[PDB]
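See below for work_1.txt, which holds compact mmCIF, C-alpha atoms.
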# COMPACT_ATOMS: atom_id res chain seq x y z
CA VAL A 2123 0.00 0.00 0.00
CA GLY A 2124 2.96 2.28 0.68
CA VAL A 2125 5.51 3.10 3.38
CA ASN A 2126 3.83 1.40 6.33
CA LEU A 2127 3.79 3.41 9.55
CA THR A 2128 7.27 3.31 11.07
CA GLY A 2129 8.01 2.49 14.69
CA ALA A 2130 6.77 -1.10 14.34
CA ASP A 2131 8.73 -4.14 15.50
CA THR A 2132 8.17 -7.87 16.11
CA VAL A 2133 7.19 -8.59 12.49
CA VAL A 2134 5.29 -11.90 12.69
CA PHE A 2135 5.55 -13.83 9.43
CA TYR A 2136 2.57 -16.14 9.94
CA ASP A 2137 3.36 -18.15 6.80
CA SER A 2138 6.30 -18.06 4.40
CA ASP A 2139 5.16 -17.45 0.84
CA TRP A 2140 7.99 -18.98 -1.25
CA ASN A 2141 7.56 -15.98 -3.56
CA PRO A 2142 10.32 -13.72 -4.94
CA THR A 2143 11.58 -11.17 -2.38
CA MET A 2144 8.57 -11.03 -0.06
CA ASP A 2145 10.14 -10.64 3.39
CA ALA A 2146 12.91 -8.49 1.88
CA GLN A 2147 10.40 -5.70 1.25
CA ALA A 2148 9.15 -5.92 4.84
CA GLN A 2149 12.72 -5.81 6.17
CA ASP A 2150 13.49 -2.78 3.98
CA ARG A 2151 10.34 -0.99 5.15
CA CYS A 2152 11.14 -1.70 8.81
CA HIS A 2153 14.78 -0.63 8.47
CA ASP A 2160 14.71 -2.24 17.89
CA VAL A 2161 13.10 -4.29 15.11
CA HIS A 2162 12.47 -8.00 15.64
CA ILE A 2163 11.48 -10.89 13.36
CA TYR A 2164 9.30 -13.92 14.23
CA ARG A 2165 8.73 -16.47 11.48
CA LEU A 2166 6.05 -18.96 12.55
CA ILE A 2167 8.06 -22.05 11.67
CA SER A 2168 5.80 -25.07 12.22
CA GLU A 2169 8.07 -27.92 13.28
CA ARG A 2170 7.89 -31.57 12.18
CA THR A 2171 7.61 -30.91 8.44
CA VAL A 2172 9.50 -29.81 5.34
CA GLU A 2173 9.31 -26.24 6.72
CA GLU A 2174 13.04 -26.34 7.47
CA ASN A 2175 14.17 -27.37 3.99
CA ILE A 2176 11.72 -25.07 2.22
CA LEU A 2177 12.81 -22.13 4.41
CA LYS A 2178 16.41 -22.93 3.50
CA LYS A 2179 15.30 -22.78 -0.15
CA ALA A 2180 13.59 -19.44 0.49
CA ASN A 2181 16.73 -18.05 2.13
CA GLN A 2182 18.80 -19.21 -0.86
CA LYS A 2183 16.35 -17.48 -3.21
CA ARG A 2184 16.55 -14.27 -1.15
CA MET A 2185 20.36 -14.38 -1.14
CA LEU A 2186 20.39 -14.87 -4.91
CA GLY A 2187 17.99 -11.96 -5.40
CA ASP A 2188 20.13 -9.76 -3.16
CA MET A 2189 23.37 -10.70 -4.93
CA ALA A 2190 21.79 -10.25 -8.38
CA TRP B 628 22.58 11.70 -11.57
CA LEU B 629 19.38 13.76 -11.84
CA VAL B 630 21.41 16.98 -11.75
CA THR B 631 23.61 15.68 -14.56
CA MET B 632 20.51 14.73 -16.57
CA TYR B 633 19.15 18.25 -16.09
CA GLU B 634 22.43 19.96 -16.98
CA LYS B 635 22.59 17.93 -20.20
CA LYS B 636 18.88 18.59 -20.89
CA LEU B 637 17.57 15.01 -20.81
CA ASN B 638 14.44 13.64 -19.13
CA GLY B 639 14.64 11.07 -16.36
CA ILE B 640 13.00 7.87 -15.17
CA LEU B 641 13.68 6.87 -11.55
CA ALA B 642 12.90 3.16 -11.10
CA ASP B 643 14.17 2.79 -7.53
CA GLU B 644 12.33 0.14 -5.53
CA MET B 645 9.41 1.37 -3.45
CA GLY B 646 10.47 2.78 -0.09
CA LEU B 647 13.88 4.11 -1.19
CA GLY B 648 12.71 7.74 -1.05
CA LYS B 649 12.18 8.69 -4.69
CA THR B 650 10.11 11.55 -3.29
CA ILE B 651 13.10 12.74 -1.26
CA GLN B 652 15.36 12.38 -4.31
CA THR B 653 13.04 14.51 -6.45
CA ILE B 654 12.74 17.06 -3.64
CA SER B 655 16.54 17.28 -3.46
CA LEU B 656 16.67 17.71 -7.24
CA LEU B 657 14.24 20.61 -6.91
CA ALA B 658 16.34 22.00 -4.06
CA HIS B 659 19.45 21.94 -6.25
CA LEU B 660 17.63 23.55 -9.18
CA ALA B 661 16.35 26.25 -6.81
CA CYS B 662 19.62 26.99 -5.00
CA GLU B 663 22.35 26.63 -7.65
CA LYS B 664 20.40 27.19 -10.89
CA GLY B 665 18.00 29.84 -9.55
CA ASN B 666 15.08 27.99 -11.18
CA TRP B 667 12.11 27.51 -8.84
CA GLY B 668 9.60 26.99 -11.66
CA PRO B 669 5.92 26.20 -11.31
CA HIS B 670 7.10 22.45 -11.16
CA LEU B 671 3.98 20.32 -11.81
CA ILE B 672 3.75 16.99 -9.85
CA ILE B 673 1.02 14.52 -10.84
CA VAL B 674 0.58 11.82 -8.19
CA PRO B 675 -2.15 9.39 -7.16
CA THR B 676 -4.91 10.95 -5.09
CA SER B 677 -3.82 8.80 -2.13
CA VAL B 678 -0.33 10.36 -1.92
CA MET B 679 -1.04 14.05 -2.58
CA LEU B 680 -1.04 14.80 1.15
CA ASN B 681 2.08 12.66 1.58
CA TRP B 682 3.94 14.62 -1.11
CA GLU B 683 2.77 17.92 0.39
CA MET B 684 3.97 16.91 3.87
CA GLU B 685 7.31 15.64 2.55
CA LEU B 686 7.83 18.95 0.74
CA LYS B 687 6.90 20.99 3.82
CA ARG B 688 9.28 18.79 5.84
CA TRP B 689 12.43 18.64 3.70
CA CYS B 690 12.26 21.79 1.52
CA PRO B 691 10.32 24.52 3.38
CA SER B 692 10.99 27.25 0.77
CA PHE B 693 8.72 25.95 -2.01
CA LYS B 694 5.29 27.53 -2.46
CA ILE B 695 3.09 24.42 -2.54
CA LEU B 696 -0.31 24.45 -4.27
CA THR B 697 -2.45 21.33 -3.83
CA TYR B 698 -5.01 21.29 -6.66
CA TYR B 699 -8.00 19.55 -5.09
CA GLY B 700 -11.64 20.21 -4.25
CA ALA B 701 -14.87 20.83 -6.09
CA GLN B 702 -15.00 22.76 -9.38
CA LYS B 703 -15.81 26.03 -7.60
CA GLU B 704 -12.84 25.58 -5.27
CA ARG B 705 -10.62 24.73 -8.25
CA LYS B 706 -11.76 27.90 -10.03
CA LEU B 707 -11.08 29.93 -6.88
CA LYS B 708 -7.58 28.45 -6.65
CA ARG B 709 -6.95 29.09 -10.37
CA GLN B 710 -8.03 32.73 -10.00
CA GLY B 711 -4.76 34.64 -10.35
CA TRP B 712 -2.60 31.51 -10.52
CA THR B 713 -1.02 32.66 -13.80
CA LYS B 714 0.82 35.52 -12.07
CA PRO B 715 4.58 35.03 -11.61
CA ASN B 716 5.82 33.50 -8.36
CA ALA B 717 2.24 32.76 -7.28
CA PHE B 718 3.32 29.18 -6.55
CA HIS B 719 6.49 27.14 -7.03
CA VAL B 720 5.29 23.51 -6.96
CA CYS B 721 1.79 22.33 -7.87
CA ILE B 722 0.54 18.92 -6.72
CA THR B 723 -2.37 17.38 -8.64
CA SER B 724 -3.97 14.03 -9.42
CA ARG C 157 -10.26 51.43 -34.24
CA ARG C 158 -10.67 53.44 -31.02
CA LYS C 159 -9.61 51.31 -28.04
CA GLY C 160 -6.45 49.38 -27.25
CA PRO C 161 -4.94 47.10 -24.61
CA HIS C 162 -2.25 47.85 -22.03
CA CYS C 163 0.17 45.98 -19.78
CA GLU C 164 2.84 46.87 -17.23
CA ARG C 165 4.70 45.65 -14.11
CA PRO C 166 7.53 43.71 -15.84
CA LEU C 167 9.72 43.12 -12.78
CA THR C 168 11.27 39.91 -11.43
CA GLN C 169 14.61 40.05 -9.58
CA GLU C 170 16.40 36.70 -9.39
CA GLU C 171 18.33 37.09 -6.12
CA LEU C 172 15.75 39.33 -4.45
CA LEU C 173 13.08 36.80 -5.45
CA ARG C 174 15.15 33.97 -3.95
CA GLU C 175 15.36 35.98 -0.72
CA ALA C 176 11.61 36.65 -0.82
CA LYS C 177 10.76 32.95 -1.12
CA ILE C 178 13.36 31.96 1.48
CA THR C 179 11.42 34.36 3.71
CA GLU C 180 8.03 32.95 2.67
CA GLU C 181 9.47 29.65 3.93
CA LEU C 182 8.99 31.14 7.40
CA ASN C 183 5.28 31.72 6.79
CA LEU C 184 4.92 28.24 5.30
CA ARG C 185 6.53 26.57 8.32
CA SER C 186 4.48 28.74 10.68
CA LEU C 187 1.27 27.69 8.92
CA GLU C 188 2.21 24.00 8.98
CA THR C 189 3.21 23.98 12.66
CA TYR C 190 0.17 26.06 13.64
CA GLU C 191 -2.25 23.78 11.78
CA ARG C 192 -0.65 20.64 13.23
CA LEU C 193 -0.62 21.89 16.83
CA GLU C 194 -4.11 23.41 16.63
CA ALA C 195 -5.55 20.18 15.22
CA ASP C 196 -3.80 18.01 17.81
CA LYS C 197 -4.84 20.27 20.71
CA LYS C 198 -8.44 21.05 19.64
CA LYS C 199 -9.86 18.10 17.69
CA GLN C 200 -8.85 15.23 20.01
CA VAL C 201 -11.41 13.22 18.08
CA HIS C 202 -14.55 12.66 20.15
CA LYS C 203 -18.26 13.45 20.28
CA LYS C 204 -20.72 15.58 22.25
CA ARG C 205 -24.09 15.15 23.94
CA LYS C 206 -27.57 15.63 22.41
CA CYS C 207 -29.75 18.77 22.74
CA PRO C 208 -33.23 17.55 23.78
CA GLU D 854 17.55 -10.83 13.47
CA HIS D 855 16.24 -13.94 15.23
CA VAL D 856 13.29 -16.20 14.32
CA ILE D 857 10.64 -18.25 16.14
CA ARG D 858 9.40 -21.84 16.04
CA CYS D 859 5.89 -23.25 16.35
CA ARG D 860 4.42 -26.64 17.27
CA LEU D 861 1.82 -28.61 15.32
CA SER D 862 -1.57 -29.35 16.87
CA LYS D 863 -1.60 -32.73 18.60
CA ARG D 864 -5.18 -33.59 17.58
CA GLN D 865 -6.09 -31.64 14.46
CA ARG D 866 -2.94 -32.32 12.40
CA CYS D 867 -3.93 -35.98 12.40
CA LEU D 868 -5.79 -34.74 9.32
CA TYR D 869 -2.46 -33.64 7.81
CA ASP D 870 -0.98 -37.03 8.70
CA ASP D 871 -3.86 -38.93 7.08
CA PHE D 872 -3.81 -36.69 3.98
CA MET D 873 -0.11 -37.40 3.51
CA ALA D 874 -0.52 -41.10 4.32
CA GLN D 875 -3.15 -42.23 1.80
CA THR D 876 -1.50 -43.74 -1.28
CA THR D 877 -3.87 -41.79 -3.54
CA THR D 878 -2.10 -38.49 -2.82
CA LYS D 879 1.29 -40.21 -2.95
CA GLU D 880 0.61 -41.44 -6.49
CA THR D 881 -0.94 -38.12 -7.53
CA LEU D 882 2.33 -36.51 -6.44
CA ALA D 883 4.58 -39.14 -8.05
CA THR D 884 2.74 -38.42 -11.31
CA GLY D 885 4.88 -35.28 -11.57
CA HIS D 886 2.21 -33.08 -13.16
CA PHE D 887 2.31 -29.41 -12.17
CA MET D 888 -1.36 -29.07 -11.10
CA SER D 889 -1.37 -32.13 -8.83
CA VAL D 890 1.88 -31.19 -7.09
CA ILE D 891 1.02 -27.51 -6.63
CA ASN D 892 -2.53 -28.35 -5.53
CA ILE D 893 -1.27 -30.83 -2.92
CA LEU D 894 1.28 -28.29 -1.69
CA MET D 895 -1.46 -25.66 -1.39
CA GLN D 896 -3.64 -28.10 0.55
CA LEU D 897 -0.74 -28.88 2.90
CA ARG D 898 -0.06 -25.18 3.44
CA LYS D 899 -3.76 -24.65 4.18
CA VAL D 900 -3.82 -27.50 6.70
CA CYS D 901 -0.78 -25.80 8.25
CA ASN D 902 -3.06 -22.76 8.80
CA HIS D 903 -5.46 -23.86 11.55
CA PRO D 904 -7.21 -26.43 9.33
CA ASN D 905 -10.66 -25.03 10.18
CA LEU D 906 -10.34 -23.69 6.62
CA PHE D 907 -9.58 -27.22 5.38
CA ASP D 908 -12.19 -28.89 7.62
CA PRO D 909 -14.38 -26.45 9.55
CA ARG D 910 -16.24 -27.51 12.66
CA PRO D 911 -19.85 -28.13 11.55
CA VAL D 912 -22.66 -26.73 13.67
CA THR D 913 -24.94 -29.43 15.06
CA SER D 914 -28.73 -29.21 15.14
CA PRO D 915 -31.43 -31.85 15.72
CA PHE D 916 -32.90 -33.59 12.68
Would you mind writing the structure in this file as structure tokens?
Amino acid sequence: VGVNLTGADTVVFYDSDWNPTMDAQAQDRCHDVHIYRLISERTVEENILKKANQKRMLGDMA
Amino acid sequence: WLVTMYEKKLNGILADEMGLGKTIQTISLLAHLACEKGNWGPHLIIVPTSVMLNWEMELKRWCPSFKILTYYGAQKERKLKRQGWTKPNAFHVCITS
Amino acid sequence: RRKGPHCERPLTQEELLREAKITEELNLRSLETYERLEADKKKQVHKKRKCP
Amino acid sequence: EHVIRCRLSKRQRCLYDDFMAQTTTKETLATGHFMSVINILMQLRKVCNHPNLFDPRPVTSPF
């Protein structure tokens, strides 16, 4: 929608989207700040979040 | 970069990602043009209706020397605002939708 | 062929105009701060009672 | 910055377990088609979202 109101912390990522540069925009808008990704254990969540981090690193290095 | 584009008489397209302060960059360009080039024109700025107030506040915040004219309201109010707006130095930056 | 137009006041001084607008900056900031403070100190969004 | 971890529901994610267990979905995934795989992944994500969206609690009323 725009530059969300500043002064907000504890960004709760309810679900990871596996989409290109989603949390990067939130981090840029926010930037003390804190991050809380709701990682549901006992599932592929770990491997798919590793994939998402690799995608974000590639998009940042591009 | 914008100042170089202006000096060499070319038009610009700023494609910086959202949130990087393109508004602030354009305001600083206007500040340079006003201070070093002596050009404070009538500088038209066409923005979405949702960000007219945001642009006005950013201008009032960063560059307080620009005469800002927000072109909004009913037809009668627009006519009242246009009355005498052709005179020189009546306004420096106009903000419309 | 009786009437004719007229025009005058061709004056615009670069540096003096820059000074004039740098001064008008004072009025602009005064208006902004006054509006902001007056709104914040008067509106304080709320309602009133009925007149029956 | 740091992250957080969450725990799956003891009772309700038995639905997730049973949806992943049945050989029907296993074969539909092994097929390799794009629609089947993406649809199953969407269903799993939805079950990972308080599955009331995947299986809402029905209101009971006498017959």
Find the residues in chain A near chain B: any atom within 8 Å counts, using all atoms listed in the file. Write them as an NGL selection string. :A and (2124-2125 or 2150-2151)
Sorted per-residue table, chain A near chain D, closest atoms and distance, 6 Å, all atoms listed in the file, as CSV:
residue,atom,partner,partner_atom,distance
A:2163,CA,D:856,CA,5.7
A:2164,CA,D:856,CA,4.6
A:2165,CA,D:857,CA,5.3
A:2166,CA,D:858,CA,5.6
A:2167,CA,D:858,CA,4.6
A:2168,CA,D:859,CA,4.5
A:2169,CA,D:860,CA,5.6
I'd like a table as a Markdown table: residues in chain B with an atom no more than 12 Å from chain C, each row giving the shortest atom pair and its distance in Å to one decimal, only C-alpha atoms counted, sorted by chain and rising residue number.
| residue | atom | partner | partner_atom | distance |
| --- | --- | --- | --- | --- |
| B:658 | CA | C:178 | CA | 11.8 |
| B:660 | CA | C:174 | CA | 11.9 |
| B:661 | CA | C:174 | CA | 8.3 |
| B:662 | CA | C:174 | CA | 8.4 |
| B:663 | CA | C:174 | CA | 10.9 |
| B:664 | CA | C:170 | CA | 10.4 |
| B:665 | CA | C:170 | CA | 7.0 |
| B:666 | CA | C:170 | CA | 9.0 |
| B:667 | CA | C:174 | CA | 8.7 |
| B:668 | CA | C:174 | CA | 11.8 |
| B:683 | CA | C:188 | CA | 10.5 |
| B:684 | CA | C:188 | CA | 8.9 |
| B:685 | CA | C:188 | CA | 11.7 |
| B:686 | CA | C:184 | CA | 10.8 |
| B:687 | CA | C:185 | CA | 7.2 |
| B:688 | CA | C:185 | CA | 8.6 |
| B:689 | CA | C:185 | CA | 10.9 |
| B:690 | CA | C:181 | CA | 8.7 |
| B:691 | CA | C:181 | CA | 5.2 |
| B:692 | CA | C:181 | CA | 4.2 |
| B:693 | CA | C:181 | CA | 7.0 |
| B:694 | CA | C:184 | CA | 7.8 |
| B:695 | CA | C:184 | CA | 8.9 |
| B:696 | CA | C:184 | CA | 11.5 |
| B:714 | CA | C:165 | CA | 11.0 |
| B:715 | CA | C:168 | CA | 8.3 |
| B:716 | CA | C:173 | CA | 8.5 |
| B:717 | CA | C:177 | CA | 10.5 |
| B:718 | CA | C:177 | CA | 10.0 |
| B:719 | CA | C:177 | CA | 9.3 |
So what do you get for atom CA of residue 670 of chain B versus atom CA of residue 643 of chain B, distance-wise?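 These atoms are spaced 21.2 Å apart.
Note that the spacing between atom CA of residue 2138 of chain A and atom CA of residue 642 of chain B amounts to 27.1 Å.
The nearest approach to residue 669 of chain B among the residues B:657, B:707, B:641, B:651, with only C-alpha atoms taken into account, belongs to B:657.
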Between atom CA of residue 2161 of chain A and atom CA of residue 196 of chain C, measure the distance and give it in Å to one decimal.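 Going from atom CA of residue 2161 of chain A over to atom CA of residue 196 of chain C covers 28.1 Å.
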Residue contacts of residue 2181 of chain A (12 Å, only C-alpha atoms) excluding same-chain residues fewer than 6 positions away, as number ranges by chain: A: 2138-2146, 2173-2175, 2187-2188
Now that the selection is made, can you save its residues with C-alpha atoms as a compact mmCIF listing (two decimals), in the frame of the given file?
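What ended up in part.txt:
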# COMPACT_ATOMS: atom_id res chain seq x y z
CA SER A 2138 6.30 -18.06 4.40
CA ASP A 2139 5.16 -17.45 0.84
CA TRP A 2140 7.99 -18.98 -1.25
CA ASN A 2141 7.56 -15.98 -3.56
CA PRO A 2142 10.32 -13.72 -4.94
CA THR A 2143 11.58 -11.17 -2.38
CA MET A 2144 8.57 -11.03 -0.06
CA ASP A 2145 10.14 -10.64 3.39
CA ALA A 2146 12.91 -8.49 1.88
CA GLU A 2173 9.31 -26.24 6.72
CA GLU A 2174 13.04 -26.34 7.47
CA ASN A 2175 14.17 -27.37 3.99
CA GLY A 2187 17.99 -11.96 -5.40
CA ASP A 2188 20.13 -9.76 -3.16
Protein/DNA/RNA residues near (2.0, 16.7, -9.1), cut 9 Å, all atoms listed in the file, as a list in words: residues 670, 671, 672, 673, 674, 675, 679, 682, 697, 698, 720, 721, 722, 723 and 724 of chain B
Show me that you can extract segment 854-877 of chain D, keeping N, CA, C and O atoms, and write it as a PDB file, in the first residue's frame.
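The resulting file, selection03.pdb, is reproduced below:
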ATOM      1  N   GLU D 854      18.521 -10.743  12.386  1.00  0.00           N
ATOM      2  CA  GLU D 854      17.547 -10.833  13.467  1.00  0.00           C
ATOM      3  C   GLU D 854      17.119 -12.284  13.675  1.00  0.00           C
ATOM      4  O   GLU D 854      17.295 -13.123  12.792  1.00  0.00           O
ATOM      5  N   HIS D 855      16.554 -12.574  14.843  1.00  0.00           N
ATOM      6  CA  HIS D 855      16.239 -13.944  15.225  1.00  0.00           C
ATOM      7  C   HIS D 855      14.900 -14.364  14.617  1.00  0.00           C
ATOM      8  O   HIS D 855      14.208 -13.578  13.963  1.00  0.00           O
ATOM      9  N   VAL D 856      14.525 -15.624  14.831  1.00  0.00           N
ATOM     10  CA  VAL D 856      13.291 -16.204  14.321  1.00  0.00           C
ATOM     11  C   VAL D 856      12.582 -16.912  15.471  1.00  0.00           C
ATOM     12  O   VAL D 856      13.040 -16.894  16.615  1.00  0.00           O
ATOM     13  N   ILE D 857      11.449 -17.544  15.157  1.00  0.00           N
ATOM     14  CA  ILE D 857      10.637 -18.247  16.142  1.00  0.00           C
ATOM     15  C   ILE D 857      10.218 -19.586  15.551  1.00  0.00           C
ATOM     16  O   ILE D 857      10.230 -19.788  14.334  1.00  0.00           O
ATOM     17  N   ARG D 858       9.861 -20.515  16.434  1.00  0.00           N
ATOM     18  CA  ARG D 858       9.405 -21.839  16.039  1.00  0.00           C
ATOM     19  C   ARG D 858       8.035 -22.109  16.645  1.00  0.00           C
ATOM     20  O   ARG D 858       7.701 -21.601  17.719  1.00  0.00           O
ATOM     21  N   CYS D 859       7.244 -22.920  15.943  1.00  0.00           N
ATOM     22  CA  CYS D 859       5.886 -23.249  16.348  1.00  0.00           C
ATOM     23  C   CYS D 859       5.713 -24.759  16.374  1.00  0.00           C
ATOM     24  O   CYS D 859       6.478 -25.493  15.742  1.00  0.00           O
ATOM     25  N   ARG D 860       4.705 -25.219  17.111  1.00  0.00           N
ATOM     26  CA  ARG D 860       4.422 -26.639  17.266  1.00  0.00           C
ATOM     27  C   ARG D 860       3.103 -26.979  16.586  1.00  0.00           C
ATOM     28  O   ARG D 860       2.160 -26.179  16.609  1.00  0.00           O
ATOM     29  N   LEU D 861       3.040 -28.165  15.984  1.00  0.00           N
ATOM     30  CA  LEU D 861       1.821 -28.606  15.319  1.00  0.00           C
ATOM     31  C   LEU D 861       0.788 -29.065  16.342  1.00  0.00           C
ATOM     32  O   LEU D 861       1.131 -29.529  17.434  1.00  0.00           O
ATOM     33  N   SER D 862      -0.488 -28.931  15.983  1.00  0.00           N
ATOM     34  CA  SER D 862      -1.566 -29.349  16.869  1.00  0.00           C
ATOM     35  C   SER D 862      -1.545 -30.860  17.050  1.00  0.00           C
ATOM     36  O   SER D 862      -1.439 -31.611  16.076  1.00  0.00           O
ATOM     37  N   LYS D 863      -1.642 -31.304  18.304  1.00  0.00           N
ATOM     38  CA  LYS D 863      -1.605 -32.734  18.595  1.00  0.00           C
ATOM     39  C   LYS D 863      -2.773 -33.462  17.937  1.00  0.00           C
ATOM     40  O   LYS D 863      -2.591 -34.508  17.304  1.00  0.00           O
ATOM     41  N   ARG D 864      -3.982 -32.922  18.080  1.00  0.00           N
ATOM     42  CA  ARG D 864      -5.179 -33.589  17.583  1.00  0.00           C
ATOM     43  C   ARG D 864      -5.429 -33.298  16.109  1.00  0.00           C
ATOM     44  O   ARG D 864      -5.524 -34.223  15.295  1.00  0.00           O
ATOM     45  N   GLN D 865      -5.540 -32.017  15.754  1.00  0.00           N
ATOM     46  CA  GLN D 865      -6.093 -31.642  14.458  1.00  0.00           C
ATOM     47  C   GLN D 865      -5.182 -31.989  13.289  1.00  0.00           C
ATOM     48  O   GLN D 865      -5.688 -32.256  12.192  1.00  0.00           O
ATOM     49  N   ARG D 866      -3.865 -31.996  13.480  1.00  0.00           N
ATOM     50  CA  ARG D 866      -2.944 -32.324  12.401  1.00  0.00           C
ATOM     51  C   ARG D 866      -2.888 -33.823  12.121  1.00  0.00           C
ATOM     52  O   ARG D 866      -2.139 -34.255  11.236  1.00  0.00           O
ATOM     53  N   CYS D 867      -3.667 -34.624  12.851  1.00  0.00           N
ATOM     54  CA  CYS D 867      -3.929 -35.983  12.398  1.00  0.00           C
ATOM     55  C   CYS D 867      -4.550 -35.968  11.008  1.00  0.00           C
ATOM     56  O   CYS D 867      -4.350 -36.903  10.226  1.00  0.00           O
ATOM     57  N   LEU D 868      -5.288 -34.905  10.679  1.00  0.00           N
ATOM     58  CA  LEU D 868      -5.787 -34.740   9.318  1.00  0.00           C
ATOM     59  C   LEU D 868      -4.645 -34.574   8.323  1.00  0.00           C
ATOM     60  O   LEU D 868      -4.673 -35.179   7.248  1.00  0.00           O
ATOM     61  N   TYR D 869      -3.644 -33.757   8.657  1.00  0.00           N
ATOM     62  CA  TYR D 869      -2.459 -33.644   7.813  1.00  0.00           C
ATOM     63  C   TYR D 869      -1.783 -34.999   7.645  1.00  0.00           C
ATOM     64  O   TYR D 869      -1.404 -35.391   6.533  1.00  0.00           O
ATOM     65  N   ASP D 870      -1.614 -35.720   8.754  1.00  0.00           N
ATOM     66  CA  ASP D 870      -0.982 -37.035   8.702  1.00  0.00           C
ATOM     67  C   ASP D 870      -1.740 -37.968   7.763  1.00  0.00           C
ATOM     68  O   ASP D 870      -1.141 -38.618   6.900  1.00  0.00           O
ATOM     69  N   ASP D 871      -3.064 -38.045   7.916  1.00  0.00           N
ATOM     70  CA  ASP D 871      -3.862 -38.929   7.076  1.00  0.00           C
ATOM     71  C   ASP D 871      -3.881 -38.485   5.620  1.00  0.00           C
ATOM     72  O   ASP D 871      -3.932 -39.336   4.724  1.00  0.00           O
ATOM     73  N   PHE D 872      -3.840 -37.177   5.361  1.00  0.00           N
ATOM     74  CA  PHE D 872      -3.813 -36.694   3.985  1.00  0.00           C
ATOM     75  C   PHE D 872      -2.490 -37.038   3.314  1.00  0.00           C
ATOM     76  O   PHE D 872      -2.454 -37.325   2.112  1.00  0.00           O
ATOM     77  N   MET D 873      -1.395 -37.015   4.076  1.00  0.00           N
ATOM     78  CA  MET D 873      -0.105 -37.402   3.511  1.00  0.00           C
ATOM     79  C   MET D 873       0.049 -38.917   3.437  1.00  0.00           C
ATOM     80  O   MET D 873       0.855 -39.419   2.647  1.00  0.00           O
ATOM     81  N   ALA D 874      -0.711 -39.660   4.248  1.00  0.00           N
ATOM     82  CA  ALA D 874      -0.517 -41.105   4.322  1.00  0.00           C
ATOM     83  C   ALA D 874      -1.152 -41.826   3.138  1.00  0.00           C
ATOM     84  O   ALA D 874      -0.524 -42.701   2.530  1.00  0.00           O
ATOM     85  N   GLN D 875      -2.396 -41.487   2.803  1.00  0.00           N
ATOM     86  CA  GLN D 875      -3.145 -42.232   1.799  1.00  0.00           C
ATOM     87  C   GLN D 875      -2.358 -42.315   0.496  1.00  0.00           C
ATOM     88  O   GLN D 875      -1.794 -41.317   0.034  1.00  0.00           O
ATOM     89  N   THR D 876      -2.317 -43.516  -0.090  1.00  0.00           N
ATOM     90  CA  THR D 876      -1.503 -43.738  -1.280  1.00  0.00           C
ATOM     91  C   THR D 876      -2.029 -42.959  -2.477  1.00  0.00           C
ATOM     92  O   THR D 876      -1.293 -42.721  -3.441  1.00  0.00           O
ATOM     93  N   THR D 877      -3.303 -42.571  -2.449  1.00  0.00           N
ATOM     94  CA  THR D 877      -3.874 -41.786  -3.536  1.00  0.00           C
ATOM     95  C   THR D 877      -3.070 -40.511  -3.760  1.00  0.00           C
ATOM     96  O   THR D 877      -2.639 -40.230  -4.883  1.00  0.00           O
TER      97      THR D 877
END
